[PDB]
Amino acid sequence: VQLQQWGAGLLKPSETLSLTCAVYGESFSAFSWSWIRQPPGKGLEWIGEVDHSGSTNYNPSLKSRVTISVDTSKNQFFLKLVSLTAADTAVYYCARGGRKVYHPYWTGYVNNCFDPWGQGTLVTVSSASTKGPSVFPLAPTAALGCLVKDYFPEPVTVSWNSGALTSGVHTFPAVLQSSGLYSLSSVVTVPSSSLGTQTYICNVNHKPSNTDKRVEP
Amino acid sequence: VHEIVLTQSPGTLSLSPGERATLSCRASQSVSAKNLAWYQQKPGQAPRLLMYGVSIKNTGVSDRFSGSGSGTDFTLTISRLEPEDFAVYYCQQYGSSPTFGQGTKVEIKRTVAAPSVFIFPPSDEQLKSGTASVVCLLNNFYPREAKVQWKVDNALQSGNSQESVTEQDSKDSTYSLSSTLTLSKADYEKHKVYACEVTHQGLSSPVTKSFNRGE
């Protein structure tokens with residue numbers, strides 16, 4: 001059993017998210033199929049489920065905006081989320097739910113736990129366009145760093161002294177600002193006596209925009 | 001249609017290898033039959049079905065995992081913790097419309113370490129750019145729980161600061177935090193004194209780092 005996932009992963013607010021999950025290997029019917037999402041650094045949230053007959057069930061938090069459809073001709077099922085906001089940025093997984101069980105007196109789905117899972121599609125909702133980062137020095141055991149602000153999209157690679165200085169380096173995760181762009185900080189702790197003799201340069205490379213900052217006391 | 005809220009305890013379980021871990025899942029209303037599951041998620045990976053039917057392990061799951069409980073109280077037990085087991089664990093109920101718990105992190109335990117607090121004012125180039133960012137850095141601390149408060153001329157600021165935290169390091173098993181306070185150039189040049197106050201378990205008294213505009 002294999003799950004393939006696709007769909008646009010970079011959208012603007014007040015737009016429609018459309019994702020597709022295709023299953024290979026076993027019988028697409030006799031199984032519930034669910035969409036789940038996970039915001040970056042947060043917990044799992046069940047979005048919805050569908051079966052082969054087209055009957056759906058949704059999370060009450062997303063009932064107004066979510067629509068889950070099915071296509072048994074292609075063994076696929078689709079997710080649609082209208083009126084997007086920054087709160088909808090998340091990794092979206094599809095998963096196989098429970099098995100349909102038939103008895104002459106009762107029929108229903110049992111063991112509605114999720115396995116296997118799709119690879120997961122990251123979706124980012126923001127009105128920002130591709131912009132290069134601005135690198136500002138955070139001047140000074142002494143701590144010193146570089147602030148990488150106003151860039152889009154992820155990621156950005158940060159090194160120190162062309163990769164020489166690696167111990168004591170802390171590169172935090174990027175934060176999505178309200179403006180739609182990202183901000184980041186890279187810091188490093190050094191001996192106080194090296195501040196006068198040794199030079200410190202943060203090498204910041206953002207390949208989406210194809211864009212070395214010296215930090216001075 | 002039946003809505004069931006699952007709360008996991010504790011939020012963070014700090015244990016050492018070789019010990020046993022006990023995670024609890026409380027349901028606001030009874031979970032029917034044995035319709036509960038546990039999932040394991042490692043950093044930057046897809047969730048993994050760990051257990052279903054309260055106590056039935058999935059294929060390829062070691063004997064060190066055990067499930068128990070019923071009604072509103074459920075438990076996941078890890079007999080001997082391995083370096084692999086340190087991750088996030090979620091409980092999920094499927095007695096009604098499926099719902100997830102908020103998750104419990106099993107992490108490496110170490111000695112309490114106090115953070116080193118530093119403050120960075122905005123660079124003059126950034127001031128000319130039209131925005132100001134003040135950075136408050138908390139370096140090497142344990143446990144993760146720490147409180148950062150911004151004060152601009154003794155005024156408590158809210159809604160204009162953003163935090164970021166690194167994952168527990170592989171060597172010293174510590175955390176690092178950064179709090180960025182973002183202002184406009186006018187709002188920044190209006191006031192003068194900027195401070196961040198850090199409260200932590202390792203600090204006997206809240207440590208405040210401040211600077212005056214133009215220093």
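So basically every Cβ, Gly included, is an ideal-geometry build from the backbone, and we count neighbours across all protein chains shown. Since every read-out is calculated from the coordinates, none of them should be taken as a lab result.
Give the peptides B:171-184, A:18-31 in descending order of average Cβ contacts within 10 Å, highest first.
By packing density, highest mean first, the sequence is B:171-184, A:18-31.
Kirkwood hydrodynamic radius for region A:117-167: how many Å is it when counted over pairs of different Cα atoms? Could you put the intermediate results ahead of the total?
On the way: mean 1/r = 0.0707 Å⁻¹.
Computed over region A:117-167, the radius equals 14.1 Å.
For a quick check, take a GNM of chain B with Cα springs below 10 Å and name the residue from B:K185, B:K34, B:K109 with the largest mean-square fluctuation.
Looking only at B:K185, B:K34, B:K109, the largest GNM fluctuation is found for B:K185.
Two-decimal Rg/Rh of chain A from alpha-carbon positions, Kirkwood Rh?
Computed over Cα atoms, the ratio is 1.15.
Which value results when the Cα radius of gyration for the protein assembly as shown is divided by 2.2 N^0.38 Å?
After normalising by residue count via 2.2 N^0.38 Å, the value is 1.11.
Could you run the Karplus curve 6.51 cos²θ - 1.76 cosθ + 1.60 with θ = phi - 60° over region B:109-114 and give me ³J(HN,Hα) per residue in whole Hz, x for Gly and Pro?
These are the phi-based 3J(HN,Hα) values: 8, 8, 5, 4, 10, 7 Hz.
Compare the peptides A:176-184, B:18-26, B:136-144, A:189-197 by average per-residue count of other Cβ atoms within 10 angstrom and give them in order, highest first. It would help to have the intermediate numbers written out before the result.
Values: A:176-184: 19.2, B:18-26: 16.0, B:136-144: 21.6, A:189-197: 11.7.
Per-residue mean Cβ counts within 10 Å order the peptides as B:136-144, A:176-184, B:18-26, A:189-197.
Picking from B:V198, B:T166, B:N140, whose Cα lies most toward the positive end of the charge dipole for region B:116-212 (charges on Cβ: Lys, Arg +1; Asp, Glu -1)?
Working it through, the farthest residue towards the positive pole turns out to be B:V198.
How big is D for region B:109-161, in µm² s⁻¹ as a whole number, if Stokes-Einstein is applied with the Kirkwood radius of its Cα pairs at 4 °C and 1.567 mPa s?
The calculation lands on 97 µm²/s.
Please give the contour-minus-distance gain from B:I108 to B:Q162: 0.36 nm per residue of separation, less the Cα-Cα distance, rounded to one decimal in nm.
16.8 nm
Taking the Cα centre as origin and putting +1 on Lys and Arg beta-carbons and -1 on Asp and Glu beta-carbons, what dipole magnitude results for chain B, to the nearest 20 debye?
260
Obtain the nm distance between the two label points defined at B:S205 and A:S61 by a simple spin-label model: each point lies 7 Å from its Cα along the Cα-to-C-beta direction.
Between B:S205 and A:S61, the simple spin-label model gives 4.2 nm.
Given a 10 angstrom Cα cut-off, can you work out which residue in B:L36, B:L15, B:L156 is the most mobile in a GNM of chain B?
Sorting by GNM fluctuation, first place goes to B:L156.
Using a Förster distance of 45 Å, how high is the FRET efficiency between A:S167 and A:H103, based on the Cβ-Cβ distance and rounded to 0.05?
0.10
Might you report the magnitude of the Cβ-based charge dipole of region A:2-125 about its Cα centre, with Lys and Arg at +1 and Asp and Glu at -1, to the nearest 20 debye?
Once rounded to the nearest 20, the dipole reads 120 debye.
What value, in deg cm²/dmol to 500, does the helix sum -39500 (n - 2.57) over DSSP H runs of n ≥ 4 give at 222 nm once divided by the residues of chain B?
-1500 deg cm²/dmol
Give the cross-link partners of B:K171 among the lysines, using a straight C-alpha distance below 19 Å as the criterion and excluding same-chain residues fewer than 8 apart.
Output for B:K171: B:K42, B:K105, B:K109.
What's the local net charge at A:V125, with K and R +1, D and E -1, over the other residues with C-beta under 11 Å away?
-1
Expressed as a whole number of Å, what is the distance separating the alpha-carbon centroids of region A:131-166 and region B:126-152?
For region B:126-152 versus region A:131-166, the Cα centre distance is 16 Å.
Connecting C-alpha atoms closer than 10 Å in a GNM of chain B, tell me which of B:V61, B:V134, B:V88 has the biggest fluctuation.
Evaluated over chain B, the most mobile residue of the options is B:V61.
Starting from the Cα of B:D172, step 7 Å toward the Cβ, then list every residue of region A:117-143 with an amide N under 15 Å from that point.
Inside the label zone: A:141-143.
Pick out, from B:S24, B:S66, B:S55, the residue whose Cα sits farthest towards the positive end of the charge dipole of region B:6-108, with +1 on the Cβ of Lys and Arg and -1 on the Cβ of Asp and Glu.
It is B:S55.
Quick one: what do you get for region B:1-106 if you divide its Cα Rg by 2.2 N^0.38 Å? It would help to have the intermediate numbers written out before the result.
Values: Rg = 12.9 Å, N = 106, 2.2 N^0.38 = 12.9 Å.
Rg over 2.2 N^0.38 Å, computed on Cα atoms: 1.00.
Round to a whole angstrom and tell me the spacing of the C-alpha centers of region A:1-60 and region B:27-50.
Cα centroid of region A:1-60 versus Cα centroid of region B:27-50: 18 Å apart.
Using the crude model of +1 on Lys and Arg Cβ and -1 on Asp and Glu Cβ, and no other charge, please compute the dipole size for region B:1-97 relative to its Cα centre, in debye to 20.
Details: 8 positive and 7 negative charges, 21 e Å.
That gives a dipole near 100 debye.
Got a sec? Charge dipole of the protein assembly as shown, +1 on Cβ for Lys and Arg, -1 for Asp and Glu; which of B:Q157, A:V1, B:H2 is way out at the positive end?
B:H2
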